[PDB]
Amino acid sequence: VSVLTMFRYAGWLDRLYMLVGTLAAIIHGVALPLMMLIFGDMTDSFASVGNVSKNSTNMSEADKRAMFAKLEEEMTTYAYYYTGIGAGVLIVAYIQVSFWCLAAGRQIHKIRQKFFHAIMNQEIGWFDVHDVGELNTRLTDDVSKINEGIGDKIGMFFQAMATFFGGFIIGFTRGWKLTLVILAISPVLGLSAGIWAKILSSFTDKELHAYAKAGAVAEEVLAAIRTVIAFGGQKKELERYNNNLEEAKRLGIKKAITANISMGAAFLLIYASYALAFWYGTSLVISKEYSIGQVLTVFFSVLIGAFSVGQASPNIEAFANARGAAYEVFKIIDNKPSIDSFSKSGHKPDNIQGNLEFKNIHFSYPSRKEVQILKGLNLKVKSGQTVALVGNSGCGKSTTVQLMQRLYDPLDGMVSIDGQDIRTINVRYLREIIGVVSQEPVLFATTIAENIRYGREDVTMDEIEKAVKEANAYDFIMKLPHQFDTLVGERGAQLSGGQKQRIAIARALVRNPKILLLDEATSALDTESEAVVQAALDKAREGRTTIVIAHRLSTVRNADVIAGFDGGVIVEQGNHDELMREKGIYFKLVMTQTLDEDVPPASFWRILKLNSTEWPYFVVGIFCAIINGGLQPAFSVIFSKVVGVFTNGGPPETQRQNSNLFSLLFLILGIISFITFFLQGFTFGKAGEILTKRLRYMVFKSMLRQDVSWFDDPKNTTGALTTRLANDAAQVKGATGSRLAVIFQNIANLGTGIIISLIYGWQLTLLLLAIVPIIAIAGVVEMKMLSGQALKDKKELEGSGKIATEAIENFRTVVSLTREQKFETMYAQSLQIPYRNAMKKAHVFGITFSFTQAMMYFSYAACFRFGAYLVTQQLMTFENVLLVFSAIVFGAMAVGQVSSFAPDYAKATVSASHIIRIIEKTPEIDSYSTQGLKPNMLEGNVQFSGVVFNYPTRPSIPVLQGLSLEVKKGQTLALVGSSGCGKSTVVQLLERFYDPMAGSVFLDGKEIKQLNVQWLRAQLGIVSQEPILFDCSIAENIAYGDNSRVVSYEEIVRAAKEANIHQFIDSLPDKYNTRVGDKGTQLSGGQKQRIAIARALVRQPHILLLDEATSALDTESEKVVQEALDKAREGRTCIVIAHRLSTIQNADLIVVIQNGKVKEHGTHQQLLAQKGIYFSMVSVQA
C-alpha cells in the first residue's frame, strides 16, 4: 500500500524531510531511558559512598572530604549528560514538527490545486457520482485529515517505538532476568484488556436494545402528539414509556457494575505486576548480587516503554483514519475517470456559422435510472432559420441541448455542426459559439463588471456598454449606487431574478455565438419582463441559427418550422399552420393556454443543583474520593523506603525489611483501592442511573403539559426531541463520574504532597515548586496557543471553501469553460495565505513542543543537581528524591485530567440548559380541572364570533380573518372553501391546539378559555386524515382506556358492530383479543378509519369533528366508512370538512367559507336554487 510514497507523488524534498524526521525521532526516543540510565549511575555511587560511611564507625573526617569530592566531580559530568540530551531534544523537536507542517503544506496545496483542476477537466463524472454541496463539505473536511496523517503523527509513531524497542535493548543486555519477567506479564495484561473490550462492546448493544424500545415509544407518541392529546391518553402513553425506562436502568447498573470490576481489577494487575518486578529484583541482590541499582532503574524504564506503545496507538488509529478517508477519494483524484468527457485539447477548423444536423440520435437517462429516453431524431436546422420545439414534456428538449454539448455524448447518432461532428470539434471552441439562455437566474457573489469580465477577460468597457444597452439591462445599472461597480452580496440581494437573466444575455453578446439554445427564456416571467427580455432576444439575433424552446405560442408563431415531439421522438415538421391543421402538439398547447433553542445564557452549575435535589445520601462516596486520592502517594512512599533500606546496611536484616515491605506494598494498595474504587463506582453509577430516570421522566411529562412551538418548529423536530432524551441522559452519567475524579486528583498532588513536603528539609520544598506550577502552566498555556492557531486555520479555510462552493454548486460553469482556470487562480491566492500561515505555525508549534521537552530535562537536572550538593555534606538520604519525582509526574496527570474535563463541564451545562427551558413551559394545554363537571353545561350550540387564526409560524398570513358562525344542536355543519385552508383550522382551534389570537368561541356560553382538558375530550370525538395505531392488542385499540373510561369486551364488540370493522376482526383468530404484527402497517386505511370512529364514541361526544372522513377514500371503501359514521351519529353536532361533496348532499347547514369570510350559508335546496358560489361548485362537479 502507498499512502505517502505515490500519495505525495514521491516528492524529492518530501522524501528528504521524511527520513530526517525519522532519524531525529529515533534519537529523541532513545534519549529518555538514557536519562534514567544516568539516574542509575548517580544512584550507585551515592549508595556506595554511603555504604562505606556505615561500615566504618570510626572514619567520618576523611570521608567527609574525599568521598563527597568524588560525588561532586561526577555531578559536573552528570550535568553535562542532562544538558547534552537537553540541547539534543530541543533541536530534534523542531525537526519533528517541520514534518507536521512544511512537508504537508506544499503537498496539500498541490493535491488541492490538481484536484480542483481534475474535477473541471473530467467534466461530468464528478457531478454524476454523489451529490454536490454535501460532496464538497466532506472533501474540505478530508483535506485537513491528510495533514494529520502526513503530519508528525508518523514521527510520533517512530518516537514511541524508539523508546520501547530501543530501551529494551539496554535493559535486556545488561541483565536478562528482570526482562524475562517483564516480557512475561505483557500477554497477561493484553489478555485482560481483550476481555475488557468484549464486555464493553457486548453490554453497549444490550443497553441500546433496551433504550430502542423507549426511543420507539418516544418516536410515535411525539409525532402523534396531537392525536394522543385528543383521545386524552397522555397519562397512559406516559405510563408505558415508564415500563421501557424500567428495563434500560437494570441493564444500566450491570454495565456500571462490570465496568467498575474491569477498572478495579486493571489497577490491581498494575500494582501486582509492579510489586512482583521489585520483589524478584531484590531476591537477586541480597543473597546473590545481580544489581547495584543501575539496572533496577533501567528495568523501571522498560515499564515506561510499554506505556509508550499505548500512547502510540492513537496516532496509529489517527493515521488509519487519515489514510482510509483520503485514499478512497485519492483513486478518484488521480487520473480522469471520464476520459470520455474532457475540457482540454482538441482541434477545430475555425467554423464561421454552424447548421445543426442531427442524425439518428438515441440516448439513455444520464444517471441510468431510466433506459432510452430518445427513440430517434432526425433534425436539420440551417442558419437563417428559427426552429421551435414543443412537446408532451419539458424533458427531451433539455436532453437534446445537453447532448448538443460535449457534456454527454450520444450513444447512437452524431450531431454535425458544419462538416465536423461532435468529436472532431474542439471543446474550448464548441462553447464559444454556443450561447445558452437558461431558465435559472444566474448567481454571483460580485459586482456587475466582474460578472461580464468572467465572460471574457479581454472585454473593454466599450463592449460592456453596447452589451447592456442591447440587452436592455442599461436601466437598473444607473439606478444602483456605484453604477456597474455595485456589489451584489450573498448570491443575489441587490438584483431580482429577471434582471439576473438579462445580464447573462448581455454576457453572451460579447461571446458572439452563432448558436443560441433558448431554454425557457421567455417563460415563467411576468407579462412586463417577458416583453423586455423578448426584445433583447429579438436584437441579439441578426441572422443567427437558434433553437427555441418556449411555452409561449407567440414565439413559436415566428418560428419558421415548428416540430412536434412525443416527448423525445420527432413526428411533425413544417410551419405553424401545418401543425395546427394536423391538430398537432402545437394546437394541443394552444387550447391548454386557452422555542428559541441555543440562545446565549448558559448554566452556572445548575447541573449539581438539579442533581442534589434528587440525591438523599452518599456522603461516604464523596469521602471515598478523598481517601482513595491520598491512597495514591503511599505506594510511592513505601517504594522510597524499599530502595532506601535496599541500598544501605550489611546483609543481616535487609532481607526481612524487603519481605515485610513487599506484603505491605500489596495490602495497603491492591486490597484497599479495589474496595474504595468500587464504593465510588456505586455512587456515580447509581447517581447517573437515577438521574437518567428522573430527567427522561420529568421531560416526557413536561412535553404532554406544554404545546405549541415546542415541536411545531422545524428545529424542535420530533427526531430532535428523541435525540435530546438520548444524549443528555447518557451525558449526565459521565458528568457525575467527573466530580469524585476531580476531588481524587486534588488531594492526590496538592493535599498529601504538602504533608510529604513538611518532612523534607524544605530546601527540597523550594526546589520543588520552582518546577511543579511552571511544568503545569507550560502544558495548559501550550493548549491555549495551540487552539489559537487552530481557530484561525478553520477561519481561513472558510473563505477558501466559500468561493469554491460557488463554482461547484454550478454545473453550468463548464459551459463558459473560460472561468474554470480563472477561478482556480483566485483559489490559489486564497489558499496561499493559510499555506504561509502553516509555515508560521511550524515555528510556533515547533518552539512550544521544544520548551515542553526542555522542561523535562530541566526538571530532572535541577532536581538531582540541587538535591545533592550542600545537602550531601550534611545529611542526605535516598527518600524524598523519588517523592519529588512522584510529585513531578503529579503535575502531568493533573493537566491531562483537567483538559479532559474541560468539554465535560461544557456538554453538561448545555444539556442542563435544554432541561430547564422545556420546564419553563408554554401551557395552553397542561392538565387542568376548573369546570363544574355537569352534562348540563353543554348544549352543543357552538358560537364562534370574530375568530382569527394563523399557524404558530408567524409569516404565514392569517387564513381566518373576521370569522363568525353558529351551529345548533343536532345539525351538521358542513364547510367548503375552494381557496385557502380555512377548513382544517376551524376543527383545530376548537380542539384548542392553538388558541385563537383574538375573538372567542363558546360551546353554549362557556368559553373555550376556561375548559378543563379532561372534560374537553369527553365532549369531543375526532376522525383524522391519518388514523394511526400504536403496537398493542386490537381490543385496547378499539377503545383505549383512560382513568375515567371503562372498556369491556362487550362494549368493544358493540363498538366494532357499529363501526362495521367486525368483519375483519371475526376472521382474525381470538376475535378482539388478537394482536398482529406491528402498529397498523398491516391493516389498510379503510380498516383503520373505522377503528378511529370506534375510538370516538367511547368518549360519548355531542360534537363530532371529522377531518377528511370522506376523502382519502374511494369507491366502496368510502361507502363502508360513511355507514359507520351514519350509525355513529345519534343526532350529534358535526363539523364535516373536505372539498369533496358526497355527504354535503344531506348537510343541514352548508357553509361556504372563503378565507375566514363566509360567502353563502344555508340549506342545500335553497343554496341549490341560488346561482351563487355553492351552486357553481356543484355545476363544475358535472
- Query: Could you say whether any residue in the range 616-623 is in a helix (DSSP H, G or I), loosely packed, with under 15 Cβ neighbours inside 10 Å and not assigned by CATH to the domain that holds residue 393?
  - Reply: yes
- Query: Of the residues 17, 9, 80, which single one is assigned by CATH to the domain that holds residue 318 and in contact with a helix residue (DSSP H, G or I) (Cβ under 7 Å, 6 or more places away or on another chain)?
  - Reply: 17
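State the number of residues belonging to the range 180-237 that are of a type in the set (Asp, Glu) and either closer than 17 Å to residue 701 by Cα or assigned to a loop (DSSP other than H, G, I, E, B) (or both).
Start the filter on the range 180-237 by keeping residues that are of a type in the set (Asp, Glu), which leaves 205, 207, 219-220, 237.
Filter again for either closer than 17 Å to residue 701 by Cα or assigned to a loop (DSSP other than H, G, I, E, B) (or both), leaving 219-220, 237.
Total meeting the criteria: 3.
Quick one: would you say residue 319 is within 35 Å of the chain's Cα centre (by Cα), assigned by CATH to the domain that holds residue 190 and within 30 Å of residue 161 (Cβ to Cβ)? Break it down into steps so the answer makes sense when it comes.
Values: within 35 Å of the chain's Cα centre (by Cα): yes; assigned by CATH to the domain that holds residue 190: yes; within 30 Å of residue 161 (Cβ to Cβ): yes.
Criteria met by residue 319.
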- Query: Of the residues that make up the range 839-861, is at least one more than 35 Å from the chain's Cα centre (by Cα), over 22 Å from residue 159 (Cβ atoms) and of a type in the set (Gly, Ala, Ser)?
  - Reply: no
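Assess whether residue 908 counts as being assigned by CATH to the domain that holds residue 86, over 30 Å from residue 773 (Cα atoms), of a type in the set (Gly, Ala, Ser) and assigned to a helix (DSSP H, G or I). Before the answer, list the steps.
On the way: assigned by CATH to the domain that holds residue 86: yes; over 30 Å from residue 773 (Cα atoms): no; of a type in the set (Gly, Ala, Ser): yes; assigned to a helix (DSSP H, G or I): yes.
No, not satisfied.
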- Pairs, first assigned by CATH to the domain that holds residue 895 in the range 849-863, second surrounded by fewer than 20 Cβ atoms within 10 Å (Cβ to Cβ) and not in a helix (DSSP H, G or I), C-beta under 6 Å, six or more apart: 859/771
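Just checking, how many residues over the range 220-271 are among the β-branched types (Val, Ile, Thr) and either within 30 Å of residue 672 (Cβ to Cβ) or in contact with a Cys (Cβ under 9 Å, 6 or more places away or on another chain) (or both)?
Step one: filter the range 220-271 for residues among the β-branched types (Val, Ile, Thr), giving 221, 225, 227-229, 253, 257-258, 261, 270.
Now drop any that are not either within 30 Å of residue 672 (Cβ to Cβ) or in contact with a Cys (Cβ under 9 Å, 6 or more places away or on another chain) (or both), which leaves 253, 257-258, 261, 270.
Of the residues in the range 220-271, 5 are among the β-branched types (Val, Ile, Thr) and either within 30 Å of residue 672 (Cβ to Cβ) or in contact with a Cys (Cβ under 9 Å, 6 or more places away or on another chain) (or both).
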- Examine the range 1096-1116 for a residue that is touching a strand residue (DSSP E or B) at 6+ places or on another chain (Cβ under 7 Å), among the small types (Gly, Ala, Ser), in a helix (DSSP H, G or I) and in the same structural domain as residue 972 (by CATH), and state whether such a residue exists. yes
- Output for the range 346-381, where each listed residue is within 19 Å of residue 438 (Cβ to Cβ) and assigned to a loop (DSSP other than H, G, I, E, B): 366
- Query: Restricting attention to the range 713-724, and to residues there that are out of contact with any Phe, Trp or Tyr (no Cβ under 8 Å at 6 or more places or on another chain) and surrounded by 15 or more Cβ atoms within 10 Å (Cβ to Cβ), which single residue is farthest from residue 239 (Cα to Cα)?
  - Reply: 713
- Query: Does any residue in the range 424-435 that is more than 16 Å from residue 545 (Cβ to Cβ) come within less than 7 Å, Cβ to Cβ, of a residue that is acidic (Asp, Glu) and surrounded by 20 or more Cβ atoms within 10 Å (Cβ to Cβ) six or more places away or on a different chain, and which pairs are these?
  - Reply: none
- Looking only at residues in the range 992-1041 that are in contact with a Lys or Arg (Cβ under 7 Å, 6 or more places away or on another chain) and of a type in the set (D, E, K, R), which one is farthest from residue 1139 (Cα to Cα)? 1031
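Every residue, every condition in (1) closer than 16 Å to residue 450 by Cα; (2) of a type in the set (A, V, I, L, M, F, W, C), yes or no:
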site: 464; (1), (2): yes, yes
site: 467; (1), (2): yes, yes
site: 471; (1), (2): no, yes
site: 486; (1), (2): yes, no
site: 489; (1), (2): yes, no
site: 496; (1), (2): no, no
site: 502; (1), (2): yes, no
site: 506; (1), (2): yes, yes
site: 511; (1), (2): yes, no
- Message: Within the range 926-940, does at least one residue satisfy the condition of being surrounded by 17 or more Cβ atoms within 10 Å (Cβ to Cβ) and either among the charged types (D, E, K, R) or outside the structural domain of residue 771 (by CATH) (or both)?
- Response: yes
- Message: So residue 482 passes all but one of these: (1) under 39 Å from the mean Cα position of the chain (by Cα); (2) exposed (fewer than 14 other Cβ atoms within 10 Å of the Cβ); (3) at positive phi. Which condition number does it fail?
- Response: (1)
- Query: Do we have any residue at all in the range 122-132 that's surrounded by fewer than 17 Cβ atoms within 10 Å (Cβ to Cβ) and either more than 29 Å from the chain's Cα centre (by Cα) or acidic (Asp, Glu) (or both)?
  - Reply: yes
- Task: Just give me the residues in the range 1076-1094 being outside any helix (DSSP H, G or I), more than 36 Å from the chain's Cα centre (by Cα) and over 12 Å from residue 1037 (Cβ atoms), in sequence order.
- Result: 1084
- Query: Which condition breaks for residue 877 when tested against (1) crowded, with 19+ Cβ neighbours inside 10 Å; (2) not in a helix (DSSP H, G or I)?
  - Reply: (1)
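Residues that are closer than 30 Å to residue 881 by Cβ and among the hydrophobic types (A, V, I, L, M, F, W, C): list the helices (runs of 4 or more DSSP H) wholly contained in the range 763-859 that include at least 2 such residues. Don't jump to the end; show me each part of the working.
Values: elements: 763-768, 772-808, 813-816.
Per the criteria, 763-768, 772-808.
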- Complete set of residues in the range 41-84 that are closer than 18 Å to residue 298 by Cβ, among the aliphatic types (A, V, I, L, M) and out of contact with any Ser or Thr (no Cβ under 8 Å at 6 or more places or on another chain): 42
- Query: Out of all the residues in the range 193-208, is one or more crowded, with 18+ Cβ neighbours inside 10 Å, assigned by CATH to the domain that holds residue 702 and not acidic (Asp, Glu)?
  - Reply: yes
- Quick one: count up the residues across the range 575-601 that are surrounded by 12 or more Cβ atoms within 10 Å (Cβ to Cβ) and of a type outside the set (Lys, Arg). 14
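Quick check on this structure: which one of 806, 796 is surrounded by fewer than 17 Cβ atoms within 10 Å (Cβ to Cβ) and not basic (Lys, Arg)?
Working: 796 fails: surrounded by fewer than 17 Cβ atoms within 10 Å (Cβ to Cβ).
From the options 806, 796, the qualifying one is 806.
What is reported rests on the model, the rules as stated and the sources as named; these are not laboratory values. So basically every Cβ, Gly included, is an ideal-geometry build from the backbone, and we count neighbours across all protein chains shown.
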